[PDB]
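Only one chain is included here, represented as structure tokens and corresponding to the form solved without ligand AMP.
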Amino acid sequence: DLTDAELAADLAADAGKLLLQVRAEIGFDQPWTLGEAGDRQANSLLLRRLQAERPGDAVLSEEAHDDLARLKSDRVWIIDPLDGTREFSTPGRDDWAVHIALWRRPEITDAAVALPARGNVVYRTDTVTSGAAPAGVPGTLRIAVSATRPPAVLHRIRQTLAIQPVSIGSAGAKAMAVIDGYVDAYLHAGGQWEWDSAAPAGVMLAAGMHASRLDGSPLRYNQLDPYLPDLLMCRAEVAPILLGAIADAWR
């Protein structure tokens, strides 16, 4: 008998525990095998528990076929059973996450992000707080970006703004680094899926921070095509500066 937020948190933790077990059982000799097992077993747990505890809700999971029944539903769980599979599959890495979000017909109303290797901490929309003090040196930004080849937009905004990119695996880990104050912002372009941003966005917004498309428009979920090209998540104070610079870069 859990609230949707309590369930999101419990699902995230439980999947987190299972992933930690898989990591210990399978080990790191074959990264691909380890990653596949984590993806598959975390997915199986989450679908089993959502069917048992929310039999009426639709589920959109990275690791399951998408039958689009969710388009007619008022309640949809949007989940990534293991975000940062590569990182998970690498010895010593703690930048991987479980994403559990509930979409209600519309916004992400309840959500949780677990970082299992970080003491299985679970960030949740019903307990995350709005006390964020501006961290770091004035006039300079630390921005979390993925461990891939940088988009054209960040190159351009770095001409005008002092920025140190911080390489972090996993969308969830990057978003929670914003929450923690380890970085000022998390910026992504070039493509992503709804389950990558739904739970982090829910938590971000619940913390009183900013989550939008790069052009400032709201993140939209439970779309036919669950692909979201770009995003910006950041401290509230930082949003005008970055949205401004992004818009200025389109000149």
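Quick note: we count residues from 1 along the sequence shown, nothing fancier. Residues that one form lacks are left out of the comparison. For the two forms, the rigid core is made up of the largest set of C-alpha atoms that agree within 1.5 Å on superposition.
Note that the form solved in complex with ligand AMP isn't included here; everything after this is about it.
J.: Using a 4.5 Å cut on heavy atoms, which of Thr148, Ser130, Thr140, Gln159 is close to ligand AMP in the deposited bound form?
T.: By the 4.5 Å heavy-atom cutoff, the listed residue in contact is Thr148.
J.: By the heavy atom within 4.5 Å rule, which residue out of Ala114, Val178, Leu102, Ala171 makes contact with ligand AMP in the deposited bound form?
T.: Of the candidates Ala114, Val178, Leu102, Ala171, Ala171 is the one lying within 4.5 Å of ligand AMP in the deposited bound form.
J.: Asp196: heavy atom within 4.5 Å of ligand AMP in the deposited bound form?
T.: Yes, contact at 4.5 Å.
J.: If you check in the deposited bound form, is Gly216 within 4.5 Å of ligand AMP, heavy atoms only?
T.: No, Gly216 is distant from the partner.
J.: Does any heavy atom of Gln192 come within 4.5 Å of a heavy atom of ligand AMP in the deposited bound form?
T.: Taking the distances in the deposited bound form, the answer for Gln192 is yes, it comes within 4.5 Å of ligand AMP.
J.: With the partner left out here, check for me: in the deposited bound form, does some heavy atom of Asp110 sit within 4.5 Å of ligand AMP?
T.: Contact check for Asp110: no, nothing within 4.5 Å of ligand AMP in the deposited bound form.
J.: Can you say which of 162-170, 115-123, 102-110, 69-77 gets within 4.5 Å of ligand AMP in the deposited bound form, counting heavy atoms only?
T.: One stretch meets the cut-off, namely 162-170.
J.: Enumerate the residues of 202-222 that have a non-hydrogen atom within 4.5 Å of ligand AMP in the deposited bound form, in sequence order, or give none.
T.: Residues within 4.5 Å: none.
J.: Is the C-alpha displacement of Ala152 equal to or greater than 2 Å between the shown form and the other one once the rigid core has been superposed?
T.: Shift at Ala152: 2 Å or more after core fit.
J.: Which segments, of 3 or more consecutive residues, undergo C-alpha shifts of no less than 2 angstroms between the shown form and the other one following superposition on the core?
T.: Core-superposed, just one run shifting 2 Å or more comes out: 148-152.
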